[PDB]
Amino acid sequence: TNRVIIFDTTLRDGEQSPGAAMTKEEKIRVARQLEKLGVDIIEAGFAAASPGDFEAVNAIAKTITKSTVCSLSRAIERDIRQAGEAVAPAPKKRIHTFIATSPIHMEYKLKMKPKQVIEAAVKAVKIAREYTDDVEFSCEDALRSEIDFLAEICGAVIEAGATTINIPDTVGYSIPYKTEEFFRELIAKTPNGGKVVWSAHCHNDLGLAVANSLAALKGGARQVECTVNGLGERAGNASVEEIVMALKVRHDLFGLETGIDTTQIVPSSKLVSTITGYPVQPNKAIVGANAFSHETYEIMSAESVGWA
């Protein structure tokens, strides 16, 4: 379809930003607001990381109704079961597992051979399916990985039961036309790649996270991972408000739909910025104090994104 899945990881990937740690009650209040915003998936945390993380994921899984509650997990049985237990009380639940897939990370960081990396991923996915029909797998460091190896592991995890395959720009140096080509080629090479949802998780190190996200869509991805205000380590993630509004404003070029209530964009941005201490600069798209200072496209009004 033309439906783009918005996967928000403000509460997991965003909260990892220096100084951005949140209390359990702050996470719950942010999770409630993301639900009102209409994001499809709320990644609530990494249940196996500590008792506090488990408790926050679990509390969000007990709060949310209309969005899918996700937990991160390493590709290891015990972490998967932690994830599955934490999200069990949510009516819609996802487990997101990952493993590094690039030659150097595999050999010298994980110290596993490619055969072992595929076997661990398949096993993690199969265990995850005991807990939910909705399982995401990420190829960490995808863009420095061998394309043949990516097609093979993605193929294996699709067969094992993964229904969303996520490709991060781990380093953050990709350029949109290359991102688009990379998606088109990987989807084509992966056994049964047409049968699942492809996801992009882009980084803003060269100011291109949003452009690269949109390029991933043109290449065949239908999920974008992103955060309110682009909150995230280093230069940050793709910012959900920019993605959603590029798609809304230029529906004429993309023809893609989201479930987002755009009137909740500004309240979401303010709430996130207040809680985390990360200010939003004045010239920032959509939610910057100046963005509304002042054809087949749909021009945007300040009110349409929730300015008072």
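All residue numbers refer to positions in the sequence shown, first residue = 1.
The modelled chain breaks after residue 294 and resumes at residue 295, leaving 10 or more residues of the deposited sequence without coordinates. Higher mean CA B-factor, judged across 13-21 and 295-303 from the recorded values: 295-303. Relative to one another, 227-235 and 210-218 have unequal mean CA B-factors, and 227-235 is the one with the higher figure. When the Cα B-factors of 49, 253, 69, 31 are read from the PDB record, 253 comes out highest. Looking only at 202, 104, 157, 197, the residue with the top Cα B factor in the deposited structure is 104. In the PDB entry, residue 176 places in the middle third of its chain by CA B-factor. Ranked against the other modelled residues of its chain, the C-alpha B-factor of residue 136 as given in the entry falls in the lowest third. Residue-level temperature factors show residue 112 in the highest third of its chain, judged at the C-alpha atom. Split the chain's modelled residues into thirds by C-alpha temperature factor. Residue 62 is in the lowest one. When the modelled residues of the chain are ordered by their C-alpha B factor, residue 279 lands in the highest third.
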